[PDB]
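Peer 1: Submitted below is the structure of interest, expressed as structure tokens.
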Amino acid sequence: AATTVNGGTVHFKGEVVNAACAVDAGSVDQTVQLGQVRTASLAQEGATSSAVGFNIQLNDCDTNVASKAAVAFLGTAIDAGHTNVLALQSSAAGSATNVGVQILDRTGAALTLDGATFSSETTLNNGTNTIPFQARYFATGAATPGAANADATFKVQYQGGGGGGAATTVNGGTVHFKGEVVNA
């Protein structure tokens, strides 16, 4: 049993209420727990954690509106030279330093934190779909232990409604990257 929706066709139309799929509660506001990471793996620019695959569960997809979906991500950039990488959160004086989060499409290519840098077009289907992603902590130098939390949002660029492109970039949900770094 679908077991979804409050009771009515979406009786709230403030904004761009066009999302082909309604995004599961278990995916809109997801806490991606990357766990503790060793500072060993975070010691030069380009060093990375073990990484983790997270996905976006899109319920009651319609293919008339959009036979496809992309996502984009947005957060505080760790630095100017790293507009691809999140700045953690909380204690900017007690979390880890020289490390941030990244988000990669399913191919493994690092997405940019502009909220409009779309990613790997998952051809959808009627019913239920999931776009997988990867995430991992990226060091920009000699990283340190402490805490490693961040909170992006993600967006959903639907597309594939006719003509040849036809795209709609709605919001998508919160991505609470949680985890920490330990001094090995």
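Scheme for the structure tokens: letters A, B, ... for chains in order shown; per-chain residue numbers from 1; ligand numbers from 1 in order shown.
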Identify, on the basis of only C-alpha atoms, every residue whose closest approach to residue 161 (chain A) does not exceed 6 Å; exclude the query and any residue fewer than 2 positions from it along the same chain; express the result as a VMD selection string.
Peer 2: chain A and resid 65 to 66 166
Peer 1: For the interface of region 99-181 of chain A with region 34-56 of chain A (cut-off 10 Å, counting only C-alpha atoms), please tabulate each contacting residue of region 99-181 of chain A alongside its nearest pair of atoms and their separation in Å to one decimal, rows sorted by chain and increasing number, as CSV.
Peer 2:
```
residue,atom,partner,partner_atom,distance
A:99,CA,A:42,CA,7.3
A:100,CA,A:48,CA,9.6
A:101,CA,A:48,CA,9.3
A:102,CA,A:48,CA,9.3
A:103,CA,A:54,CA,9.4
A:104,CA,A:53,CA,9.2
A:105,CA,A:53,CA,9.8
A:106,CA,A:53,CA,8.7
A:129,CA,A:56,CA,8.3
A:130,CA,A:56,CA,5.4
A:131,CA,A:56,CA,5.4
A:132,CA,A:55,CA,4.0
A:133,CA,A:54,CA,5.4
A:134,CA,A:53,CA,4.2
A:135,CA,A:52,CA,5.5
A:136,CA,A:51,CA,4.3
A:137,CA,A:49,CA,5.3
A:138,CA,A:48,CA,4.7
A:139,CA,A:42,CA,5.2
A:140,CA,A:45,CA,3.8
A:141,CA,A:44,CA,3.9
A:142,CA,A:43,CA,4.1
A:143,CA,A:42,CA,5.1
A:144,CA,A:39,CA,6.1
A:145,CA,A:39,CA,6.3
A:146,CA,A:36,CA,9.7
A:147,CA,A:36,CA,8.7
A:148,CA,A:36,CA,8.3
A:149,CA,A:34,CA,9.1
A:154,CA,A:56,CA,9.7
A:156,CA,A:56,CA,9.8
A:172,CA,A:56,CA,9.1
A:173,CA,A:56,CA,9.5
A:175,CA,A:54,CA,9.8
A:177,CA,A:34,CA,6.9
A:178,CA,A:34,CA,5.9
A:179,CA,A:35,CA,4.1
A:180,CA,A:36,CA,4.7
A:181,CA,A:37,CA,4.6
```
Peer 1: CA of residue 25 (chain A) and CA of residue 117 (chain A) are how many Å apart?
Peer 2: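 CA of residue 117 (chain A) lies at a distance of 23.7 Å from CA of residue 25 (chain A).
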Peer 1: Please determine, counting only C-alpha atoms, which residue among A:176, A:122, A:64, A:76 has the shortest atom-to-atom distance to residue 27 (chain A).
Peer 2: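 Nearest to residue 27 (chain A): A:176.
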Peer 1: Would you list, as a count of residues only, the residues of region 1-183 of chain A that end up in strand (DSSP E or B) under DSSP run on this structure's backbone?
Peer 2: 84
Peer 1: A:113, A:19, A:120, A:29: which is nearest residue 78 (chain A), counting only C-alpha atoms?
Peer 2: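 The answer is A:113, which sits nearest to residue 78 (chain A).
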Peer 1: Neighbours of residue 127 (chain A) within 10 Å (only C-alpha atoms; same-chain residues fewer than 4 positions away dropped), as an mmCIF file with N, CA, C and O atoms, in the first residue's frame?
Peer 2:
```cif
data_model
loop_
_atom_site.group_PDB
_atom_site.id
_atom_site.type_symbol
_atom_site.label_atom_id
_atom_site.label_comp_id
_atom_site.auth_asym_id
_atom_site.auth_seq_id
_atom_site.Cartn_x
_atom_site.Cartn_y
_atom_site.Cartn_z
ATOM 1 N N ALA A 2 0.750 2.100 -1.014
ATOM 2 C CA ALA A 2 1.582 3.287 -1.218
ATOM 3 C C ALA A 2 1.855 4.060 0.075
ATOM 4 O O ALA A 2 2.997 4.433 0.316
ATOM 5 N N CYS A 21 8.138 13.433 -9.118
ATOM 6 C CA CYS A 21 8.173 12.493 -8.019
ATOM 7 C C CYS A 21 8.209 13.299 -6.720
ATOM 8 O O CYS A 21 8.866 14.344 -6.659
ATOM 9 N N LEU A 58 12.761 8.702 -4.844
ATOM 10 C CA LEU A 58 11.728 9.490 -5.499
ATOM 11 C C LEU A 58 10.498 8.605 -5.701
ATOM 12 O O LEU A 58 10.481 7.729 -6.569
ATOM 13 N N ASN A 59 9.467 8.865 -4.893
ATOM 14 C CA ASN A 59 8.191 8.161 -4.927
ATOM 15 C C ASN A 59 7.248 8.805 -5.934
ATOM 16 O O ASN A 59 7.367 10.001 -6.194
ATOM 17 N N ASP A 60 6.257 8.029 -6.383
ATOM 18 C CA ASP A 60 5.221 8.357 -7.366
ATOM 19 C C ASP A 60 5.704 9.319 -8.451
ATOM 20 O O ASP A 60 5.160 10.399 -8.664
ATOM 21 N N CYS A 61 6.751 8.895 -9.142
ATOM 22 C CA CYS A 61 7.255 9.490 -10.354
ATOM 23 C C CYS A 61 6.227 9.373 -11.478
ATOM 24 O O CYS A 61 5.576 8.333 -11.640
ATOM 25 N N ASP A 62 6.142 10.417 -12.298
ATOM 26 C CA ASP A 62 5.375 10.510 -13.537
ATOM 27 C C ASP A 62 6.328 10.801 -14.680
ATOM 28 O O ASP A 62 7.178 11.678 -14.550
ATOM 29 N N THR A 63 6.223 10.078 -15.786
ATOM 30 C CA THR A 63 7.117 10.237 -16.931
ATOM 31 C C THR A 63 6.584 11.213 -17.978
ATOM 32 O O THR A 63 7.319 11.572 -18.898
#
```
Peer 1: To one decimal in Å, tell me the separation between CA of residue 124 (chain A) and CA of residue 157 (chain A).
Peer 2: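 Distance reported for this atom pair: 12.1 Å.
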Peer 1: Suppose you want the space between CA of residue 155 (chain A) and CA of residue 15 (chain A); what is it in Å?
Peer 2: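 Pair CA of residue 155 (chain A) / CA of residue 15 (chain A) returns 14.2 Å.
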Peer 1: I'd like to know which of A:8, A:67, A:167, A:128 is closest to residue 24 (chain A), using only C-alpha atoms.
Peer 2: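 For residue 24 (chain A), the nearest of the given residues is A:128.
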Peer 1: Applying 6 Å and only C-alpha atoms, which residues near residue 77 (chain A) remain after dropping the ones on its own chain fewer than 6 positions away? List them as a PyMOL selection string.
Peer 2: chain A and resi 83+85-87
